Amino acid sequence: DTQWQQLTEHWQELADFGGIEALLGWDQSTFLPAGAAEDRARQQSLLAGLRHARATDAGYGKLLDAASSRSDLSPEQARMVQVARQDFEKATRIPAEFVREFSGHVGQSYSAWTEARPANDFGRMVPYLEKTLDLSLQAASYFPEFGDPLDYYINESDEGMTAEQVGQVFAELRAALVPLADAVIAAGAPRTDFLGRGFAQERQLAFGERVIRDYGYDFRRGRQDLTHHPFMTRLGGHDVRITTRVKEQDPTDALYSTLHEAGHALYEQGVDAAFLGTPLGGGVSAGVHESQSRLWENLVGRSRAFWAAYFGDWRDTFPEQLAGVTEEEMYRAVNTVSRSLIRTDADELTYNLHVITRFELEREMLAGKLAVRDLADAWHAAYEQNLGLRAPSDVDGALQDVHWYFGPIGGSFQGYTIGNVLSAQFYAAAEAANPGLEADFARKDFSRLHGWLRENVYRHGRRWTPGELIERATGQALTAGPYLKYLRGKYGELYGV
């Protein structure tokens, strides 16, 4: 009983270390002055070392063992203890010296990448990728329960997911989305030139903050700022911050980045107050998290009802830019499709082809079938086959994404595609329970959609495993069905295909 109070305080201390670490990273991406990079990284390592010591503290381990042997715990408290013991298990499996070696290597890899990408110097990154691949395999070998080292990373991203389950889902998406995208591309695109007329940055941000405020984003428990790369980060139990990036030459970039990151933040902001500061107080997996950003961005933000509700405010804010443009035309311009090179900018239909490419290259590298020095060539070859075009150099080829340069190789991307699928699966379950969602959206009323997602997804945090969470909320395990039905219906209707 006194042991439980001590466990509660140690858990709150781990959450507090995490919030402070998140602040160091949030400030690094937003306001850190250019000449202060090195000291900030050292500050981050200092905190990483301290937090790891507490996450692996032997006394804490004994407290967990004590609470675990009790028989009088509520379902939530026992699950809280179980999750803590699972985190403790993972944290102590890997020697702290290996953790530090890996962190220093990928940190140096990153710095080399920030220069080699603009310089089209993939040959320079090869030694960095070779060591990263070796370290990635070594890290997975501390977990022999995954015979396939790729399964260790897939599981780290989405508890319980396997490479065979991922490959199956990918196979289904490719078989369905390639024809649907090709048919949309062959039909021709809606008008888009009015999006290039000049949209003032401050006006874009104000519009975005009105929308996500309607969604339910709580500005007493967060804020938004500008960054080069949008992200969401939690600095505390009541401090969930988002960032966006604005292009005056295209207002859909900032709007949908903001809706996307806001979706992540709604998830975090809906976690039950009783779980904040405990091992259950956070999102449960990468795919479930990305299902919420994608739900508010795509399923809601790009829908006809969304623009039925906001076109008026939009045209008022941008009167000259929307002159001669109908509400229907703005709805179509937000749902264009094309074969493109940059994954983060890819449309709803071709996006997953980027993830599959990266996933299959990871499979090839981790299995020893593809040497890293051949990665640049294999990447272009996969882009030609999967997207029908190739980048002019390696800048937007294998150097495009930071993941393999600032972290392990393997399991880096499937969460994006799992999130896309689950977005429609969670959304369909929400509409099954609230058939008048679209009529609400037209009134700028998202309370029932938010209410359903909070009751069935957000509040539970980590109390359920991803698979339990998905099955309880939607009645079935991960399935591509609702996702494909939504896309075929939406784009079949948009392009007459």
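So that there is no doubt, residue numbering starts at 1 and follows the sequence shown.
Between 91 to 99 and 388 to 396, the higher mean Cα B-factor belongs to 91 to 99. Annotation for 311 to 319 versus 397 to 405: the higher mean temperature factor (C-alpha) is found in 311 to 319. Listed residues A36, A430, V457, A66 were ranked by CA B-factor as deposited; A66 comes out on top. In the PDB entry, the Cα temperature factor peaks, among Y416, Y110, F306, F219, at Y110.
Sorting the modelled residues of the chain by their CA temperature factor places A78 in the highest third. In the PDB entry, a CA B factor belonging to the lowest third of its chain's modelled residues is recorded for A286. In the PDB entry, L50 places in the highest third of its chain by CA B-factor. When the CA B factors of the chain's modelled residues are split into thirds, the value for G188 lands in the highest one. In the deposited entry, the Cα temperature factor of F31 sits in the bottom third of values across the chain's modelled residues.
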